[PDB]
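Everything below concerns the one structure shown next.
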Amino acid sequence: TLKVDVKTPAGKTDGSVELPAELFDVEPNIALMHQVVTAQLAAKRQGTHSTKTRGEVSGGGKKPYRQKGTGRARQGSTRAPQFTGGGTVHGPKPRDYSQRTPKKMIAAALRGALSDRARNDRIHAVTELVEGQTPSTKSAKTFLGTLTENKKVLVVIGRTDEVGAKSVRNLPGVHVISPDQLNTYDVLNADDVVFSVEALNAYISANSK
Amino acid sequence: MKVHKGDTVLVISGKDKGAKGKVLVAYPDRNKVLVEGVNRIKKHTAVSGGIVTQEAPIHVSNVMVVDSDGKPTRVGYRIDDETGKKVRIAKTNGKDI
RNA sequence: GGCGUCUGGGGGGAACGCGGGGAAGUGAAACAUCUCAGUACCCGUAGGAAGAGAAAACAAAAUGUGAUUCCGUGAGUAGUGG
RNA sequence: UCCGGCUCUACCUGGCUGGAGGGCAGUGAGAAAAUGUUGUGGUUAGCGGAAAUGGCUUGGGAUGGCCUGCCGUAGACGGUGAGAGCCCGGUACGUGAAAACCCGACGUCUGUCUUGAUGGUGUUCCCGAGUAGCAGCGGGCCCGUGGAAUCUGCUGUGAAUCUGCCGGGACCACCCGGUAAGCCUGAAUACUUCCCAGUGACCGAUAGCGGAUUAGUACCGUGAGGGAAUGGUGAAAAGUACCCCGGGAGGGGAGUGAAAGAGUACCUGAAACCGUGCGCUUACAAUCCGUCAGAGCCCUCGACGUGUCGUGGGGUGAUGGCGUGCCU
């Protein structure tokens, strides 16, 4: 159990959270994380790429000249693969790259990725990013700089939290993600994880039950 | 294009940076203006011949309209609800340009 | 049948629908049954979708389901086949 | 609810229909044609939109490097003389409809129930006809006629109306399900000629559409039809004024340009192919055109004198030895 010190924009510590040993203390498995993060990237890649084969090129339906007597090579169309302008013989076709990864494999990847952050003291929890009902990224930038000095950070913010989300959007390295949509690739890509107190409890309660 | 014919502009970037001039023509299609006394070319004119010196157009992104005070200024707009007009306003001092 | 008068049709369109007609190269290491295939093509027709639809249905002794259509399974199984 | 006239006629009893309160629905499959009012509801034009002329250095040019500020609900993407959140178009975020069209909503309007419903008893009539069923020849169902059910086409034959009829894979009996030969029905579903906004571990001029350029154009064919090739000067045209040779083309001075090894035959400019200059070699010689030795000449790098060696490098090679292309 890791005790995460909760902070506030005013700089006053509020309380503490207890990260479960199940979720935040798994031994990282590099071979398992690599398979998972490759699976998400493959699902990101859209297979919109195609070329017209010898059959789908416009024309070339007639034997251009006789079989015998001409003195040139035997040719069966004006669009065969060897021609200029002919079809593409083994070309790319539009295909989907998403692959089916078992639920237990995917979940265990996230636990390993999160457990790694907890060990090195990168997981932070914050009650709220800014003063309510008024977005202001100058305040959010000052807060985030106080917490972590690293270039990249990931902010887990509840879906209904809009002043926080719309405040830290514009920042260069900051990525914001809903606690339900937490995934391996995003977690590993971050130097830190800046949870929201309502989000951190929601994530913990979702799995621990 | 926020810069009209007859305005006084300040050159921002180019070999003539810092020079002041008055706009002669505008080419809103290609976002270029011709400004008095900047970007002088040496043209070989054959008629009788001459080597003349005119002004080639400046891309409007490279000029800034001088404020009535005398400072370069981005132009903003105020909506006059009386006549529905849209008057160009200097950003620096808020006065009409 | 002839008049006079009112309203309609006629032609076009890339794909999708529905109802008809319907091959051969090909596989069978030949070939006629069979496959290719009710595919290609042709015909008549609409619509923004069409077709189907309110049990003369499944079911198997369970006091079960309860119009049609469309996905996933059942299943490349029960079967069928010079 | 009330009233009236009919139930041959008038009179007291049971029904039919019209006209006035009350509900109930409506552009629908359940009937149809309209008519107004409204809705910051939508579509078809747009408008606003924060922050550096910052200093120093390289430069033709700063958007490059270093150092300071500033905005950020805006650090999406393009452009501007080279990598721009603060120069421009914009983005985040807001605002905008006279008129037309589309969605709703409230009413005029339309139709229907109230002359009507609720629950009980024992019999006759009705419940879709040349249909169902059967037979002959076919189609199609996992099922190629097989023991061949259900569905269906053509030719004959041709029934019942509820203890009726049809299905429960020939058929028969029992049980079970259903009530054919009448008709409408939205949602779940397929598509993209076209229009709007986007995306790409897609192509980048022999690729991608056949078509970045006269494109189904040129051209071929009587006709159906077949069907190409051609993108890049520069930041700006500032596209070379003027003089000289020349009929011109073309060129040489001089100029623009950062560059003319950017001059409208224009970015970069390879190979085949074609020359010009220089060094070595070759006109007594049998040569898959090389290879291993190798005299001479020429160039180069060192140390030592005039030129002479060296853990040297290059180019040519007189002469000797060996030697029968590559792929199928």
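We label chains A, B, ... in the order they appear in the structure tokens, count residues from 1 in each chain, and number ligands from 1 in the order shown.
Around residue B:71, within 10 Å and counting only C-alpha atoms (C1' of nucleotides), the residues found are residues 9, 10, 64, 65, 66, 67, 68, 74, 90, 92 and 93 of chain B; 53 of chain D, once anything fewer than 3 positions away on its own chain is removed.
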Open item on the list: Residues of chain D were defined as contacting chain A if any atom lay at most 8 Å from it, counting only C-alpha atoms (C1' of nucleotides); please report them as a VMD selection string.
Closed with: chain D and resid 72 to 75 200 to 202 206 210
- [ ] Apply DSSP to the structure's backbone, then extract all residues of stretch 76-156 of chain A labelled alpha helix (DSSP H) and return them as a list in words.
- [x]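 DSSP-assigned alpha helix (DSSP H) residues in stretch 76-156 of chain A: residues 103, 104, 105, 106, 107, 108, 109, 110, 111, 112, 113, 114, 115, 116, 117, 118, 119, 137, 138, 139, 140, 141, 142, 143, 144, 145, 146 and 147 of chain A.
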Could I get the residues of chain D with an atom no further than 7 Å from an atom of chain B, each paired with its nearest atom pair and that distance in Å to one decimal, using only C-alpha atoms (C1' of nucleotides), sorted by chain and residue number, as a Markdown table?
| residue | atom | partner | partner_atom | distance |
| --- | --- | --- | --- | --- |
| D:53 | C1' | B:12 | CA | 5.9 |
| D:61 | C1' | B:14 | CA | 5.7 |
| D:80 | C1' | B:61 | CA | 5.6 |
| D:87 | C1' | B:61 | CA | 5.1 |
| D:88 | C1' | B:61 | CA | 4.8 |
| D:238 | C1' | B:41 | CA | 5.5 |
| D:241 | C1' | B:44 | CA | 4.5 |
| D:256 | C1' | B:42 | CA | 6.5 |
TODO: Could you tell me how far atom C1' of residue D:108 lies from atom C1' of residue D:36, in Å and to one decimal?
DONE: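 So the answer is 7.1 Å.
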Open item on the list: Can you tell me which residues surround stretch 52-58 of chain C at a distance of at most 12 Å, considering only C-alpha atoms (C1' of nucleotides), apart from same-chain residues fewer than 5 positions away, and format the answer as a ChimeraX atom specification?
Closed with: /C:18,64-70 /D:132,165-168,177-181,184-185
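Atom pair atom CA of residue A:184 / atom CA of residue A:37: separated by 6.3 Å.
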Who sits within 12 Å of residue D:288, only C-alpha atoms (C1' of nucleotides), same chain under 2 positions skipped, as a PDB file with C-alpha atoms (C1' of nucleotides), in the first residue's frame:
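around_26.pdb was written with the following content:
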ATOM      1  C1'   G D 290      41.788 -10.844 -68.505  1.00  0.00           C
ATOM      2  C1'   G D 323      43.383 -18.974 -69.564  1.00  0.00           C
ATOM      3  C1'   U D 324      36.877 -22.070 -73.977  1.00  0.00           C
ATOM      4  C1'   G D 325      31.593 -15.500 -72.400  1.00  0.00           C
ATOM      5  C1'   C D 326      26.722 -14.759 -68.588  1.00  0.00           C
TER       6        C D 326
END
- [ ] Find, counting only C-alpha atoms (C1' of nucleotides), the residue in D:45, D:25, D:258, D:92 that gets nearest to residue D:59.
- [x] D:258
Open item on the list: Set the distance at 12 Å and use only C-alpha atoms (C1' of nucleotides): which residues neighbour stretch 29-45 of chain C once local chain neighbours fewer than 2 positions away are removed? I'd like the list as a ChimeraX atom specification.
Closed with: /C:17-27,47,50,81-82 /D:140,144
Write to file, as a PDB file, in the first residue's frame, the residues of the selection just made, with C-alpha atoms (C1' of nucleotides).
ATOM      1  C1'   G C  17     -34.565  -3.796 -54.146  1.00  0.00           C
ATOM      2  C1'   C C  18     -38.271  -7.117 -56.291  1.00  0.00           C
ATOM      3  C1'   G C  19     -40.265 -10.697 -60.254  1.00  0.00           C
ATOM      4  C1'   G C  20     -39.018 -13.121 -64.710  1.00  0.00           C
ATOM      5  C1'   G C  21     -35.326 -15.418 -68.842  1.00  0.00           C
ATOM      6  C1'   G C  22     -30.592 -17.378 -68.380  1.00  0.00           C
ATOM      7  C1'   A C  23     -25.131 -19.448 -70.798  1.00  0.00           C
ATOM      8  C1'   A C  24     -19.492 -20.832 -71.493  1.00  0.00           C
ATOM      9  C1'   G C  25     -14.568 -20.914 -70.621  1.00  0.00           C
ATOM     10  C1'   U C  26     -13.651 -23.605 -65.965  1.00  0.00           C
ATOM     11  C1'   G C  27     -13.328 -28.208 -61.689  1.00  0.00           C
ATOM     12  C1'   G C  47     -38.577   3.469 -53.557  1.00  0.00           C
ATOM     13  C1'   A C  50     -37.449  -2.225 -51.366  1.00  0.00           C
ATOM     14  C1'   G C  81     -23.395 -36.370 -54.204  1.00  0.00           C
ATOM     15  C1'   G C  82     -21.350 -40.570 -61.398  1.00  0.00           C
TER      16        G C  82
ATOM     17  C1'   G D 140     -36.932 -25.717 -55.512  1.00  0.00           C
ATOM     18  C1'   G D 144     -29.517 -35.173 -57.956  1.00  0.00           C
TER      19        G D 144
END
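Interatomic distance, atom CA of residue B:19 against atom CA of residue B:34: 13.4 Å.
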- [ ] Find the residues around stretch 64-69 of chain D up to 8 Å (only C-alpha atoms (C1' of nucleotides) counted), leave out those fewer than 2 positions away in its own chain, and share them as a list in words.
- [x]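 Final neighbour list, sorted by chain and number: residues 52, 54, 55, 62, 82 and 83 of chain D.
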Based on the selection just made, write C-alpha atoms (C1' of nucleotides) of those residues as a PDB file, in the first residue's frame.
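To be explicit, this is the file written out as part-v2.pdb:
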ATOM      1  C1'   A D  52       6.893  40.504 -29.257  1.00  0.00           C
ATOM      2  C1'   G D  54      11.908  42.464 -28.270  1.00  0.00           C
ATOM      3  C1'   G D  55      17.835  42.579 -27.908  1.00  0.00           C
ATOM      4  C1'   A D  62      14.672  35.326 -39.921  1.00  0.00           C
ATOM      5  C1'   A D  82      14.847  29.574 -44.507  1.00  0.00           C
ATOM      6  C1'   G D  83      11.751  25.433 -38.442  1.00  0.00           C
TER       7        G D  83
END
- [ ] Give me every strand (DSSP E or B) residue in chain B, going by DSSP on the backbone, as a ChimeraX atom specification.
- [x] /B:8-11,20-27,32-35,40-46,49-55,58-59,63-66,72,75-80,85-90,96
